[PDB]
Amino acid sequence: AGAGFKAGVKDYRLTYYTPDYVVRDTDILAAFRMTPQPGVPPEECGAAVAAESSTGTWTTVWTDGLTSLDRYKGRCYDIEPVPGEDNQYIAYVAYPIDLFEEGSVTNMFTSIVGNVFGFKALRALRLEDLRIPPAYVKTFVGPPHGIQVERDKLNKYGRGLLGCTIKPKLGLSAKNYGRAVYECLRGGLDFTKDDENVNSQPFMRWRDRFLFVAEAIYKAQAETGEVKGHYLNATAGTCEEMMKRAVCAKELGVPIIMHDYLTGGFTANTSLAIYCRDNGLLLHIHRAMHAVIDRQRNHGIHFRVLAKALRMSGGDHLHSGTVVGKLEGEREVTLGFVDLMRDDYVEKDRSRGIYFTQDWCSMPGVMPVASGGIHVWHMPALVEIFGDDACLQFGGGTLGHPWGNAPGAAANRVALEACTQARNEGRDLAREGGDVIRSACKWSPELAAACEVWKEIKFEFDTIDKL
Amino acid sequence: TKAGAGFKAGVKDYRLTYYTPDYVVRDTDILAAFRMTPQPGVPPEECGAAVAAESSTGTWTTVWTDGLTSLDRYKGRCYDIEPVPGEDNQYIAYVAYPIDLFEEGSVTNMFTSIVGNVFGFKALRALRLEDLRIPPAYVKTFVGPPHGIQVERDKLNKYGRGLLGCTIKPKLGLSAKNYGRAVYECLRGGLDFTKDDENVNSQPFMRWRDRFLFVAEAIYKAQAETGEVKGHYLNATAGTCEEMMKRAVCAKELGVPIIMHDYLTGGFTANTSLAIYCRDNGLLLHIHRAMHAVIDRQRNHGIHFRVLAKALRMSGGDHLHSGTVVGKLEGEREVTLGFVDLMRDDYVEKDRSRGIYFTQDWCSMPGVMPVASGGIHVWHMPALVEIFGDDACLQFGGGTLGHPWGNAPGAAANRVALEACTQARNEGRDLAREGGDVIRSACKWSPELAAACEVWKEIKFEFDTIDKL
Amino acid sequence: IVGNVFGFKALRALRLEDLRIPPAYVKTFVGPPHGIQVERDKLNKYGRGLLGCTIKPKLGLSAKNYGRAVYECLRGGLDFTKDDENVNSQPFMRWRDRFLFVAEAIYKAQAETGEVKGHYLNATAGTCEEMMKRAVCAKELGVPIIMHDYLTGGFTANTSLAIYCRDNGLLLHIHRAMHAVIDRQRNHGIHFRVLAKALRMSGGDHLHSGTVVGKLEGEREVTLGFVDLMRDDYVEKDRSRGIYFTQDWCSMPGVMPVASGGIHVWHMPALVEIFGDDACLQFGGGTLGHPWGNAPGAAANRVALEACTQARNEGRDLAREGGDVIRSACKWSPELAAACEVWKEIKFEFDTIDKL
Amino acid sequence: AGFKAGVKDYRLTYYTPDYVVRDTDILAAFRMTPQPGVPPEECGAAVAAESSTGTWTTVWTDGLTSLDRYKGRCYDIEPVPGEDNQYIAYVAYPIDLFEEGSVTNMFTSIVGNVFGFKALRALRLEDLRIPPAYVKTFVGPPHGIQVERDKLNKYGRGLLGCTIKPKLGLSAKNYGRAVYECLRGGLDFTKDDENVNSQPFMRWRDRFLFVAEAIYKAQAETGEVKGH
Amino acid sequence: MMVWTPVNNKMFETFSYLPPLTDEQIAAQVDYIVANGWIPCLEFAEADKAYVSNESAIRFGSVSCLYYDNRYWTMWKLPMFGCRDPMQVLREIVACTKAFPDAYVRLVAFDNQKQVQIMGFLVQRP
Amino acid sequence: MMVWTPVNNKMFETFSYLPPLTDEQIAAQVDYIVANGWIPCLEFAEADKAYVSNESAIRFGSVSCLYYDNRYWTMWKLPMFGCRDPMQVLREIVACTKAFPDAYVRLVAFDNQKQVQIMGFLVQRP
Ligand SMILES: O=C(O)[C@@](O)(COP(=O)(O)O)[C@H](O)[C@H](O)COP(=O)(O)O
Ligand SMILES: O=C(O)[C@@](O)(COP(=O)(O)O)[C@H](O)[C@H](O)COP(=O)(O)O
Ligand SMILES: O=C(O)[C@@](O)(COP(=O)(O)O)[C@H](O)[C@H](O)COP(=O)(O)O
Ligand SMILES: [Mg+2]
Ligand SMILES: [Mg+2]
Ligand SMILES: [Mg+2]
Ligand SMILES: [Mg+2]
């Protein structure tokens, strides 16, 4: 009499709640914020999540006996109650490395977040963090270039990079796009970009835009003597259309394209990142749709996980939020995932939402892009939050300048350089920021015009995505 | 020579441009219904206008470039706002988007506008997209599903009953040859289909091409044995589009009928490409909705599944999981009946009692077969047939591989239960009232079914529903 | 020749009646993929007109119903069925679905009857790339014949497709959709004989020729003249048949004339008399409108054709005795009798517009 | 709804003068001249039938589908003033009848066979209503007027072109010579004659190369963008 | 545990896993056709043409996906358009099986709005 | 509205949009180098080699993406590994600019842990 096949249902906790498990250094770990239904204990909820993201279903199957379920099973190995909550728990789940397809963020998400969020036995579920072990990190191509290589190709050092989304979001012609781009770039911005939803449309077809934008890039570069780029959007309905757009950028010799990784998707994104590696194009990643997933504290996937996923799938830039602009991003939360995006090794730190120590094993860092509702008075705060390895983008903050795009660009560039110099001289941008900007507004007429228009504009609201 | 409207730098309320309550929507407009929860102090009109603006043409301060174009022609328009009864800070905001805003044939582009940035605005606390009106003029820009329900039934030569499938178990950890062994034993007992689990792609314990070959052997063995066309959804989901396409090509070259794709985790750009491939090479495409409940579970924030289902119909899929209502994963009856109609039918009238906010005209785009799967067993058969009717695939993974006598008897039990319920309905029996009696009689008759009936007799999944209307 | 001159203000009307294509220009064309002799040799079909049939309703049938209809037609004795000229790929029936179900039907009817069968699968498309994808699928299914709408698709695409068919062994049926926009009126346009020469040059194994007696116009002498221009190697000037120039085809293959449109069993003697054996006679409504269904409808047409062919070979004059030949066969074959009764009083006799 | 074999009038199925056209229907206006003894209603119905779903005798396969859904419909007929035997027949075609993005398919239905019917003496298609839902299935023009002006950098006046002459018979180098001299005097464009393709007196690739030289010479000389 | 035999256990789609349909049970299925306004039709095949097979794929390139021989059977007469009398359908079953006593015979029904077969089951096995 | 001139307005990356750095301001940047332990280095170029250009792309196929001539300038001596004295960095600035009075000269600093230039600005214009 050995263990035989026993048909029927049993608790998931009997197999998948294993609190004495010693996590392996190749295991993928997940931290889930779980809200059980009444009558379902946390250990059963955590075990259900582990089981149905790994090896298990709702009734016992005989085929388990042909393999080793202990070798492959996901394991809920720890549960902690959430402070301030009487029905939220953090469940920790360990996944053997054999469960995952090498180099596939798609596969990793399909297991860990594929079905478990819809279980009737839970009321809410949020994936807070993932520990991606070095042995799995090494299966990914990763980002095409990463921060150091990007600065080296651009020949740009010693300050944040400056970008700008062209406006109106939609409705401009290709030639007006290029006109706006030239005027922005020539005033001191390093980059402009297609809006995330500018792909190819009746009012402006993509290839027309790419050609006029190429003219604008090369005109502004020749005029200023600084390398310029414009993130041309390769986001498309199909992978063949996406690749056609990347090929056209390659053939025009321009430096940088963009992709909306969540609305295009990880399979297409990973393909595009590999193309960019093989053809030397920088790849800017827009996180369109992320807040559908990541806004609420009780349910979804925290942005830090979406950022890790993008680092793995591949991107030279990724939007990080601004903290102070029109879209939400609490300071400590943001500082934590910026480190996860940029750094090689990030220690556990629950005060910044870092549930696991993360070792990136030399995968290139991704440049954070702070964008959305920011203007010249936010410059000191942005430089203080991000430091030099960030791109700060001013769309309305450039195309809303009273004197037009070139003056608007110059205002942003002067502001950034004034903040950067002040910090280098030992000034505390957190205390002296307003004084730094005021002094620069006195000196530069272009900056002064921006300073006056946006002086009272602030975005200060109650935060939803709190730790 | 009095000056006309010019460029004035600075911030003004979004509602001055984007709240248009007297707008008459056009028949080509894409319409969105958002369940919006504004921050305290933000008027609903301004919050709705912000959502319209920042999903269409506007940003946070006035830009001079508007004057080069026509914002009247292009702007998104919040054209109606209705307070939600029972909610003191929740509104349905209706937004109309000109058809010119969208890239033809690109679900990716449509989502990038409507749900790209607005869910993260500090000025709202929560936002949920409940429905989209996809006008015929935009529907017609999509290839859509490879085949759709009628063509699928015609290719399989299968009529008069729900289709039956089954996910192979353990989810992960089986070898390629054991996968094919399990598949043969399942298919030969009366299931039409088996499938790769959504997360079975290619892994150390089982590489994809080995699986595809052994599964081909199993399909053809079970088909020859039973005389009924068989399939197994071979998973083409992959890390890169090139890998996805390699896997589809191998299925083509083996002559097998059906592959699957995880459209949300693989993504719309890859999914649309794969659907086009399947159309051009005659493969059925089963779509798994892995990750949907990350987005669609909560009432106050995210995107309702009905929109994710419309998006899949547009991007393309022959099957799409619909939920079961009665199984282990959530799906309320009325909600589910509504989006099943949106998946299958040509024309679906507005019906807020089933969560249908807009009349939807699919203008002859093929219907998508709803797949009811997850935590179901033989006692659920009457309810499943009553809910879905014949145009559905009912899948029993644990409910087949958990049968005490093995996969072939497990398959036979499910097939007998389905046919008994189908026959009973056809004879005029009301499955909602007589379902238990139908199953009890069939259990008496069939020993394979009786063994399933006994093991799962007390097993139900009855919990408080989160995604309520 | 026809690019700009028809619009000159200085003329009120202009019609191109004929073109003399010299041998030295004929020889620059690939021409038809196969031509009549090769087609008969590939099909192994000799000694009688070929029989075809357009599936009906023109539009609105599903792919599987298309194949069902095709199988039932082919199995009763038709050599061929065909997509309607406007059946390309549409919401009610996508092309590749149709191609696959039609393949099943062709092979089922061929195995059942022991006679080679085909169905003209339409490669007509919006773009050359889609046209070629459809031709490739036919090649890969091993089926014998595709079709193309040469005027609505256009000569550039037609010539490309003919070359593909030559290189891959596919018969190419040509439908003349739109021709009567150009060729109907006596005072203006281009006579069909020129459109037929142009098709012979661009390439086609079949071309519709009209029926004379059916629902679409085609006067006898006009039609006999351009049938010779389509099929023969050398056609002398003959203004009584509208042949303005002696035409030397310098061994370019002949094109099979296809008589189709509003014909039924009682027209069989006239059709055999007009065209002889080297024609395909097509009965769409005349098969799918038989009261007993497609197989009996096919058998009725096949019996009628064979009875007329046998009678002609035995010395009977089909111009005088045709009705007697059909009446005799009606009495013998129950399937033919049912067709004879339903369409006994149906004729198409109208004043001719395209007169010499 | 039984199958009844035999011929019946087209107007019993295809003349529907109270039909309300759908906003996705393709509409056609035909100037129709019936033969003597053929009522306009029957002629219009025959045009509708034989450009959509119908043939000359009743087919049983109609019953497997829905002819209501698919049939072309003659929905209005108006006599032409000044004409005693001309009518404008209006026909509505469901959008499902047409292959997306294919003008070829649209013409094959609407003008494929009906112009040759013995029952009419003459037929002219005067206009087509192409609904937005069908327009949107086409790629359409590569660029269109605004984009063309933007690429050429040419605004504020008509563009000026010129067909090179003799139509045929010029060599490639003489073609380029003529082109350079035309473009340099102020024309924006020159062009090959419609019948200049590739011929013994001038092969196309030779012409393309010499014309390229001429375009670039005239553009450098004038400072205005040139094309041929 | 009972073992499901793989030997001589071929099936014919809907209702093949139930006890053989009695005459009463067949008549009830015909009533369901008539109640829903569907179009009855009979189809038949000799034994050699009754089972799905693959022989035509010898002529193919790599395009066998969802191609099988013997899905089509032979139509008995025509679909019974306009038939709303179950006794007429039953009489045709008798006539078809009388004419082809050695054939497989199936009763199907068509829906012309979905344009698909909406029911079907075997009524005669040789 | 003031118009940003496009004529004779070439820039030199970090700090070009500020007023010309005073000697105190340059000294403060050298302090920041030393305080952070970065490796000072000077680079210089004649006027014809100072601005980004594209001439070498004549030799290329379609691989010009992020290739430009004149990003590299000429190294003055070696990076000042181990330098923790601002006097020594300012001394070399003088030395470099005296030796090449007609050249563009920039002061850069390297971080060897990121292995990247972490600061840089123009210290001399011809
Ligand atoms: O569409 C927009 O709103 C923007 O172009 C910014 O415009 P402004 O510069 O005019 O605000 C950016 O895409 C957002 O920053 C994205 O949000 P996030 O960075 O949070 O992903
Ligand atoms: O992984 C699983 O759990 C399943 O294989 C079902 O297993 P069982 O048949 O063994 O329950 C299906 O993928 C789920 O049905 C998906 O959920 P949904 O259909 O709701 O998208
Ligand atoms: O569409 C039709 O009407 C047909 O399919 C015939 O159908 P029936 O057999 O049912 O009449 C043929 O295409 C016409 O013969 C074409 O005209 P023509 O041959 O004169 O070019
Ligand atoms: Mg944007
Ligand atoms: Mg699964
Ligand atoms: Mg036709
Ligand atoms: Mg000309």
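Convention: sequence-line order gives letters A, B, ...; per-chain numbering from 1. What's counted below: heavy atoms across the whole structure, side chains too, no hydrogens, waters or symmetry copies.
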**Report entry** Side-chain donor-acceptor contact under 3.5 Å, B:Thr112 with A:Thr263
**Finding:** yes

Query raised in the report: Does a side chain donor of either B:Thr59 or A:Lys326 reach within less than 3.5 Å of an acceptor in the other side chain?
Result: yes

What part of [X] lies closer than 4.5 angstrom to a heavy atom of chain B: side chain, backbone, both or neither?
{"X": "A:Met204", "answer": "neither"}
{"X": "A:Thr63", "answer": "both"}
{"X": "A:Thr463", "answer": "neither"}
{"X": "A:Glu240", "answer": "both"}
{"X": "A:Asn298", "answer": "side chain"}
{"X": "A:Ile464", "answer": "side chain"}

Which residue out of [options] racks up the most heavy-atom pairs below 4.5 Å with chain B?
{"options": "A:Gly397, A:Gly373, A:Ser104", "result": "A:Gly373"}
{"options": "A:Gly395, A:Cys239, A:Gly408", "result": "A:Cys239"}
{"options": "A:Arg287, A:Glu241, A:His286, A:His290", "result": "A:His286"}
{"options": "A:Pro168, A:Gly396, A:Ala7, A:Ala288", "result": "A:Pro168"}
{"options": "A:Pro96, A:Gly118, A:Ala51", "result": "A:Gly118"}
{"options": "A:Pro202, A:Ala273, A:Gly321, A:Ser313", "result": "A:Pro202"}

Side chain, backbone, both or neither: which part of [X] has an atom under 4.5 Å from a heavy atom of chain A?
{"X": "B:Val107", "answer": "neither"}
{"X": "B:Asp467", "answer": "neither"}
{"X": "B:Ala126", "answer": "both"}
{"X": "B:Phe102", "answer": "backbone"}
{"X": "B:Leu68", "answer": "both"}
{"X": "B:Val42", "answer": "side chain"}
{"X": "B:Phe119", "answer": "both"}
{"X": "B:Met110", "answer": "neither"}
{"X": "B:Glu198", "answer": "both"}
{"X": "B:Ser113", "answer": "both"}
{"X": "B:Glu458", "answer": "neither"}
{"X": "B:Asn178", "answer": "side chain"}
{"X": "B:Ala50", "answer": "neither"}

Supply the atom-to-atom distance [X] [atom1] to [Y] [atom2], rounded to the nearest 0.5 angstrom.
{"X": "A:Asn115", "Y": "B:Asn199", "atom1": "CG", "atom2": "CG", "value": "8.0 Å"}
{"X": "B:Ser273", "Y": "A:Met242", "atom1": "OG", "atom2": "CE", "value": "8.0 Å"}
{"X": "B:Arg73", "Y": "A:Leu170", "atom1": "CZ", "atom2": "CG", "value": "13.0 Å"}

Would you say the side-chain atoms of [X] pair up with the backbone N or O of [Y], donor to acceptor, closer than 3.5 Å?
{"X": "A:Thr270", "Y": "B:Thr240", "answer": "no"}
{"X": "A:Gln201", "Y": "B:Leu101", "answer": "yes"}
{"X": "B:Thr69", "Y": "A:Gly171", "answer": "yes"}

Requested in this report: Applying salt bridge (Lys or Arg N to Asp or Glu O under 4.0 Å), name anything that partners A:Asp294, two or more places apart in sequence or on another chain.
Outcome: none

With a 4.5 Å heavy-atom cut-off, do [X] and [Y] have their side chains touching?
{"X": "A:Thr106", "Y": "B:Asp262", "value": "no"}
{"X": "B:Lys171", "Y": "A:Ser54", "value": "no"}
{"X": "A:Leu122", "Y": "B:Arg297", "value": "yes"}

Query - Summary of salt bridge (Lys or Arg N to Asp or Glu O under 4.0 Å) pairs that have at least one residue in residues 104-124 of chain B, sequence neighbours excluded - result: A:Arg205-B:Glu104, B:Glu104-D:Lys136

Query - Neighbour count above 12 (heavy atom, 6.0 Å) for A:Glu452 CD - result: no

If you count heavy-atom pairs under 4.5 Å between each of [options] and chain A, which one has the most?
{"options": "B:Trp208, B:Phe205, B:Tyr263", "result": "B:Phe205"}
{"options": "B:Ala293, B:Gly331, B:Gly266, B:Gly267", "result": "B:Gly266"}
{"options": "B:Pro40, B:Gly406, B:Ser202", "result": "B:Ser202"}
{"options": "B:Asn109, B:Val115, B:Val455", "result": "B:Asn109"}
{"options": "B:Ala182, B:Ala238, B:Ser175, B:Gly302", "result": "B:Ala238"}
{"options": "B:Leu71, B:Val118, B:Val11", "result": "B:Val11"}

Query raised in the report: How close do A:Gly400 and B:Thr61 get, heavy atom to heavy atom, and via which atoms?
Result: CA-CG2, 4.4 Å

Report summary line: Closest heavy-atom pair, A:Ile301 versus B:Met291, reported as atoms and distance to 0.1 Å, is CD1-CE, 4.0 Å

Query raised in the report: Is there a side-chain contact (heavy atoms from CB on, under 4.5 Å) between A:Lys167 and B:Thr57 once you walk through the steps?
Result: CA-CA 7 Å; A:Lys167 305 294 169 183; B:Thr57 51; over 6 Å; no

Query raised in the report: For B:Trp60 and A:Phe459, what are the C-alpha separation, side-chain angles and deciding distance, and is it a side-chain contact (heavy atoms from CB on, under 4.5 Å)?
Result: CA-CA 11 Å; B:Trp60 65 274; A:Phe459 300 93; 4.1 Å; yes

Query raised in the report: Are B:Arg125 and A:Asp462 close enough, and set up right, to give a side-chain contact (heavy atoms from CB on, under 4.5 Å), and what steps lead you there?
Result: CA-CA 8 Å; B:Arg125 298 186 66 79; A:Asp462 189 39; 2.9 Å; yes

Report task. Given side-chain contact (heavy atoms from CB on, under 4.5 Å), test A:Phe119 with B:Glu330 step by step and report yes or no. Result -> CA-CA 6 Å; A:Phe119 268 65; B:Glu330 184 171 278; over 6 Å; no

Query raised in the report: After noting the C-alpha distance and the side-chain angles of A:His401 and B:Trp64, does the key distance pass the ring-ring contact (aromatic ring centres under 6.0 Å, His included) rule?
Result: CA-CA 8 Å; A:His401 190 290; B:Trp64 64 266; over 10 Å; no

